[PDB]
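Those protein sequence lines, which keep their order, are chains V and U. Going by our numbering, the letters in the first sequence line up with residues 25 to 400, in that order. Going by our numbering, the letters in the second sequence line up with residues 25 to 400, in that order.
Number of protein chains: 2
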Amino acid sequence: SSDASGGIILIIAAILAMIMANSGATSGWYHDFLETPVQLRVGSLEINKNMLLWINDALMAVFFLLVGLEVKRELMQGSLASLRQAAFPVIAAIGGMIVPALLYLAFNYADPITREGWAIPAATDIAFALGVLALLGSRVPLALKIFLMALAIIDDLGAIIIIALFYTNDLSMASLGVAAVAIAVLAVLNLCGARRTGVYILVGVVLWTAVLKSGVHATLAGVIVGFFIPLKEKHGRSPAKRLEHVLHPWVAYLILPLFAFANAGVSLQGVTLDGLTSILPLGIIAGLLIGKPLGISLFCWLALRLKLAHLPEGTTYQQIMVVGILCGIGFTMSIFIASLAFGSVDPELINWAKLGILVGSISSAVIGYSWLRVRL
Amino acid sequence: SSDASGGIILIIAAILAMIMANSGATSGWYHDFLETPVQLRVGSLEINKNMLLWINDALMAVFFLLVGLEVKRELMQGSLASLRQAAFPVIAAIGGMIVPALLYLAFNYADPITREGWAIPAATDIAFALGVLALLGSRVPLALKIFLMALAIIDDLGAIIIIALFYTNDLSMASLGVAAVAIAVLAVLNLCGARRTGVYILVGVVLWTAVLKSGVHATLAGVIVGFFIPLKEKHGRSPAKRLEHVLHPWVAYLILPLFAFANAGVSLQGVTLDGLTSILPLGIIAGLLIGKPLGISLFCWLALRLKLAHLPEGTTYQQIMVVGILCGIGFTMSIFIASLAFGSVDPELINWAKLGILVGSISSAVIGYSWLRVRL
């Protein structure tokens, strides 16, 4: 019904972006506004910064809040509460984020890219992955869909975490502290049983503002909240279940999309960089441009290597391997994980990653779509 | 029931403030954080600013949003839609904000205070005015209350406007423009019939951010929105009616209170300024310290001068003049209108206005309370 409406609207952003980006009439204002350093000083203290770094810390924070909510749900209730319903998806994604890496990473065990591999081709655009799956009538899913979504999250929410520890936390003494009192309140606040979901959010924005010098952390704050916001319907109704529902549209329609309008506008012109000019390029491109469609050859080795005692779940047999193909469209999710990898550090090869995780993305969005149309 | 709970909680802020303010142990951190200039520069542009100026633009903006909502309601539906139900309250407040002035103003037709009079003793703490009225069982009101609230708003929302025109609008070309497109969207947005009240707010924050160089304007934005947010229950339900209801608690419990914690902390110590040291002082104090309890001697001349063809409304006769006494507690509302008057302009005599509109306030909060306890 409306589940597909998003895919169409979302894909519109990415395009609108390119247009804006290479337009020449807009390529100016666009790139201009986005970035832009600048210094300041409030009394006897000075500093500087740029743009875009806000928009993403804001957007992925909200986005991951919802992700936080859902992962809790699936963990405490549905699709993953039991170490029996979990075992597959976990084993399915714990693979889903080690083959892509250990393909791309081992494709680039060189230098300022070693950090790139570690992730980029891990995240799957959980928004697009279910989008292309919805354009398919309605037969086969309803247990297939609720499955895919276990990877995307685990793999995405995974990366974000692996990456939070990998980084030498800019433990700004103070902040790291505030983050603690705030993160503490969140707890006592849930303990004493507060369901006024308004509160939780504000504390969160505090926590968010605290850890605001490291993107991946501000992102994680979202998750941290979506984790504390009450779930047990004890009240008579669930505050989380409500929130997760009002947020759903907004993220899929405003956020996700909006976020894609800021990051997907990759400039190809200037240096049109013909065919092989892309693939040819070191892993940074081919590596992650393949770590994705060749990132399926993981479930079909990790999800299949589950001929030991782990049930499919009223699935559709070998029709699961077509799912692992769609988890090859890290689209925005990667684009994000890509900015995390570079963005502030050597960011000129970021316009490459974007291309790579855009080509490899589309060239796995249909090379995995059609295959799953003839199945029924 | 809970209508009084606020009064008790609110009054707690004002006190907590003083304590903090004159504490010596906190009087430091307090005054310190609040204020604080600071310069900046994003590229080739530099500037500076201070604190507190944010908190109030944020708080009174939200507060006046709700006020906006209600005034629309009463105007388009209840207590004031008809030029028959209006006539009294209007005539009651149009007086309620011209006698206080023309008492205080004519008490101070001197110099950098001429601007002060024009308002300060006009606003009535519509939150406190109904608070002291609720501590009184439940007999007599239910038509008296719904009346008082017509002044407070008209008088308050009045001042804010009179003051927006009186000021030589810092028509920052650009901003003044954005404010227009935004304020325009708000319209087409209501025209095409959008009830997704989420939108309206965001546009608002844009509009708010636009006119952000003149407090009184950012404040007005709130009102401007609460004005466009759809009212007709055509939908089946009203988006405004809902909003106005979720906001109610928050403003009366978090906002209003919070706002009072930032502005009511008047320092009396240092210069304890004995008795007459206060009253004695030019109008700035006595003038507005009296323009308030002697601001009743207005209805009882303007609301009573309504022996021409304007009905009371199932009221309680001379028991209306006790209402006009409570509209002598501009408390926070004045404190706010006081910061507007001074705050950025000659602000050392602002700690006076605070005192004056605090004394005259309490000395009209009981000298008007008791009188209305023996009535029943």
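Ideal Cβ placement from N, Cα and C applies to all residues, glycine included.
Reduced DSSP category for residue i - H, G, I as helix; E, B as strand; rest coil
{"i": "U/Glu59", "result": "coil"}
{"i": "V/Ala116", "result": "helix"}
{"i": "V/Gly217", "result": "coil"}
{"i": "V/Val202", "result": "helix"}
{"i": "V/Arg397", "result": "coil"}
{"i": "V/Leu168", "result": "coil"}
{"i": "V/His334", "result": "coil"}
{"i": "U/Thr50", "result": "coil"}
{"i": "U/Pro136", "result": "coil"}
{"i": "U/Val295", "result": "coil"}
{"i": "U/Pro124", "result": "coil"}
{"i": "U/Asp179", "result": "helix"}
{"i": "U/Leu373", "result": "coil"}
{"i": "V/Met75", "result": "coil"}
{"i": "U/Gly161", "result": "coil"}
{"i": "U/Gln342", "result": "helix"}
{"i": "V/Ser363", "result": "helix"}
{"i": "V/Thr148", "result": "coil"}
{"i": "U/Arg261", "result": "coil"}
{"i": "U/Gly348", "result": "helix"}
{"i": "V/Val223", "result": "helix"}
{"i": "V/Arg329", "result": "coil"}
{"i": "V/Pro254", "result": "coil"}
{"i": "U/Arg108", "result": "coil"}
{"i": "U/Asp81", "result": "helix"}
{"i": "U/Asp194", "result": "coil"}
{"i": "V/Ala211", "result": "helix"}
Residues that DSSP places opposite residue i in a beta bridge
{"i": "V/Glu70", "result": "V/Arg65"}
Rounded C-alpha distance that separates residue i from residue j
{"i": "V/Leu306", "j": "V/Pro281", "result": "30 Å"}
{"i": "U/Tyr393", "j": "U/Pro273", "result": "25 Å"}
{"i": "V/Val86", "j": "U/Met121", "result": "46 Å"}
{"i": "U/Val95", "j": "U/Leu175", "result": "11 Å"}
{"i": "V/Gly260", "j": "V/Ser26", "result": "29 Å"}
{"i": "V/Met345", "j": "V/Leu396", "result": "10 Å"}
{"i": "V/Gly338", "j": "U/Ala264", "result": "47 Å"}
{"i": "U/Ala158", "j": "U/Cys216", "result": "41 Å"}
{"i": "U/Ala206", "j": "V/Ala310", "result": "45 Å"}
{"i": "V/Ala208", "j": "V/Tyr191", "result": "23 Å"}
{"i": "U/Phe285", "j": "U/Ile33", "result": "12 Å"}
{"i": "U/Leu271", "j": "U/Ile314", "result": "33 Å"}
{"i": "V/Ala125", "j": "V/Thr138", "result": "10 Å"}
{"i": "U/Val156", "j": "U/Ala389", "result": "8 Å"}
{"i": "U/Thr296", "j": "U/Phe131", "result": "25 Å"}
{"i": "U/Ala327", "j": "U/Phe88", "result": "26 Å"}
{"i": "U/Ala377", "j": "U/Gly67", "result": "41 Å"}
{"i": "U/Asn46", "j": "U/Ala38", "result": "13 Å"}
{"i": "U/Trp78", "j": "V/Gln293", "result": "44 Å"}
{"i": "V/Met75", "j": "V/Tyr54", "result": "12 Å"}
{"i": "U/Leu210", "j": "V/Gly161", "result": "39 Å"}
Proximal residues to residue i (C-beta, below 7 Å), its chain only, five neighbours per side dropped
{"i": "U/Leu330", "result": "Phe112, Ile115"}
{"i": "U/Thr50", "result": "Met44"}
{"i": "V/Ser387", "result": "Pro317"}
{"i": "U/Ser196", "result": "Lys237"}
{"i": "U/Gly228", "result": "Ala245, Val249"}
{"i": "U/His241", "result": "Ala188, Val235"}
{"i": "U/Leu99", "result": "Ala105"}
{"i": "U/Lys169", "result": "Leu154, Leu157"}
Whether residue i touches residue j by CB criterion (7 Å)
{"i": "V/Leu93", "j": "V/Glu257", "result": "no"}
{"i": "V/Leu350", "j": "V/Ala153", "result": "yes"}
{"i": "U/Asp298", "j": "U/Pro136", "result": "no"}
{"i": "U/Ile253", "j": "U/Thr221", "result": "yes"}
{"i": "V/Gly352", "j": "V/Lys316", "result": "yes"}
{"i": "V/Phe366", "j": "V/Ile374", "result": "yes"}
{"i": "V/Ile381", "j": "V/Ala147", "result": "no"}
{"i": "U/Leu181", "j": "U/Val91", "result": "yes"}
{"i": "V/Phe283", "j": "V/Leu83", "result": "yes"}
Cβ-heavy atom distance, residue i to the ligand NAP, below 6 Å
{"i": "V/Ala234", "result": "Absence of the ligand NAP is noted for the structure shown, with no ligands found whatsoever."}
Close-in-space but distant-in-sequence residues of the same chain around residue i (CB under 8 Å, 5 per side omitted)
{"i": "V/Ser199", "result": "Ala234, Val235, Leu236, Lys237"}
{"i": "U/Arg399", "result": "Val164, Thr340, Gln343, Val346"}
Contacts around residue i, its chain only, beta-carbon distance under 6 Å, and the 5 residues preceding and following it disregarded
{"i": "V/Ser321", "result": "none"}
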